[PDB]
């Protein structure tokens, strides 16, 4: 029976002790402490060696990425790539700390665009009329000048030209995940999440990749250079096989919608994830998948019955850097080659 007790600042500002104290502070501070424990359990599983039998079964993917004792799926909505959590996610991917990424179209394109031009701080209350008259697009309390997307068009159209040519003369069958690997190779910039993902053979799934600026560009491009196909069926096999042949899986899901459901549904194919942390502000009462508690996923078989999943009800821009500080960042040496 653990007693409630908050950090005592009479001790001074001892940051690690202050963070450790969230576990006995209560409400979402305690859920944060539980999330640190769940993620550290994923990491300590991941670093355990594969036995001969485990290695046999897990080798049954055709994937270039070396397999580990715990395959970690990291999912996040577009807004988090607009935010500075882009840097947090880039770090994890750069150091091979996670194994599969799932994001929406915005979460791909805004990473690449930030390599061409920055996003700026604003306010939620800025009025749409005056912004639109000035070509400034609003993302929460962030601002993206539309010139950013004009730079994106310039950068992307030559790649689209090459992709159709490789499709039609070299037999390439494009999928969202194959396109995202190509885009990461092209951006060729170490600040980019997708640069490191393709370098480290970390696949990125985004079944609705046409829902965004990338879609705008493909759409415009298709009038002059018709026939690009993006197949989502092959990518469904690819993500599902990541779960099916894992020794263990963990899910770290930031936000809701397709990124949350698609990771969870893949893990149903192995009868459930072993570890899971949600971080989002959605609420269950309207029945949405976004606001469903981890225990709903247990009824489907998406999380194992014997798992101890946790949801932190909070804006991930506040807690995800703190979570990484207390978990992956303390084990960085183990992830380096």
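Note that the rigid core is defined as the largest set of C-alphas that superpose within 1.5 Å between two forms. Numbering follows the first chain given and starts at 1.
J.: Quick one: with the core lined up, is it 239 to 247 or 100 to 108 that wanders further in 5 other deposited structures of this protein, going by C-alpha RMS?
T.: The more displaced stretch in 5 other deposited structures of this protein turns out to be 100 to 108.
J.: Rigid core fitted first, then name the stretch among 90 to 98 and 206 to 214 whose C-alphas deviate most from the displayed form in 5 other deposited structures of this protein.
T.: Looking at 90 to 98 versus 206 to 214 in 5 other deposited structures of this protein, the farther one turns out to be 206 to 214.
J.: Report, as yes or no, whether residue 126 is left without coordinates in at least one third of the other compared entries.
T.: Counting only entries that model residues on both sides, residue 126 is unresolved in at least a third of them.
J.: Would you say residue 57 goes unmodelled in a third or more of the other compared entries?
T.: In at least a third of the other entries, residue 57 has no coordinates.
J.: Compare the mean C-alpha B-factor of 65 to 73 with that of 34 to 42 as given in the PDB entry, and name the stretch with the higher value.
T.: The stretch with the larger average C-alpha B-factor is 65 to 73.
J.: Read off the CA B-factors in the entry, average them over 184 to 192 and over 253 to 261, and name the higher stretch.
T.: Comparing averages over the C-alpha atoms only gives 184 to 192.
J.: Out of 87, 147, 234, 111, which shows the largest CA B-factor listed in the entry?
T.: Reading the PDB entry, the winner on C-alpha B-factor is 147.
J.: Select one of 116, 243, 98, 80: the residue whose C-alpha shows the highest B-factor in the crystal structure entry.
T.: Highest C-alpha B-factor among the listed options: 116.
J.: Where does the C-alpha B-factor of residue 57 rank in its chain, lowest, middle or highest third?
T.: Ranked within chain, residue 57 CA B lands in the highest tercile.
J.: By the recorded C-alpha temperature factor, relative to the other modelled residues in its chain, which third is residue 12 in?
T.: Within its chain, residue 12 is a highest-third residue by C-alpha B-factor, going by the deposited values.
J.: Taking the values exactly as deposited, rank residue 269 by C-alpha B-factor within its chain and report the matching third: lowest, middle or highest.
T.: Middle third of the chain for residue 269's C-alpha B-factor.
J.: Using the B-factors in the PDB entry, rank residue 48's C-alpha atom against the chain and give the third, lowest, middle or highest.
T.: Top third by C-alpha B-factor.
J.: Sort the modelled residues of this chain by their C-alpha B factor and say whether residue 103 lands in the lowest, middle or highest third.
T.: It falls in the bottom third of the chain.
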